[PDB]
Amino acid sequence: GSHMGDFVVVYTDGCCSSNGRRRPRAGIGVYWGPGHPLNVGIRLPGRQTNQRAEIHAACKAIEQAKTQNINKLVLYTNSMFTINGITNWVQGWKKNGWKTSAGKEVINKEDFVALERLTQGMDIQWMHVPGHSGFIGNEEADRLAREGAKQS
């Protein structure tokens, strides 16, 4: 178990073997600490892609948190897409019929709508962790997602 001031630190990550190929396998992973009862690594239900696993691994961590009555959180993910989406983009997407900058429709709307819904009632600091650069937290969350993508 780890913390920064009053915020408990959590790591999330998604993965997907054969992303954009013929047989995609996507998984989610959240790491709270060594041997933490809350660490999970499971198979991502639905459309298999890296983007959804990254968004959905972040959703899982928040659900778990509410489950522990946690309201302050530092969420580390190596997914700028997830971050930018939830902390910038969704705001504008809501005032424009969910439309890309190329007049078309935002592909992960349901993933971001599900995410934003979870963020109600949560002071969360979305911090980017560079992937594959020695951050135990992020390697483990990646380890956990790979294991989860090896499932159901």
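Residue numbers run from 1 along the displayed sequence.
J.: Which has the higher mean CA temperature factor in the PDB entry, 37-45 or 65-73?
T.: 65-73 has the higher mean C-alpha B-factor.
J.: As stated in the PDB record, which stretch has the larger average Cα B-factor, 113-121 or 46-54?
T.: Here the higher of the two C-alpha B-factor means belongs to 113-121.
J.: Check where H128 lands among this chain's C-alpha B-factors and tell me if it's the lowest, middle or highest third.
T.: For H128, the deposited C-alpha B-factor lands in the middle third.
J.: Comparing against every modelled residue in the chain, figure out the third that the C-alpha B-factor of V106 lands in (lowest, middle or highest).
T.: It falls in the top third of the chain.
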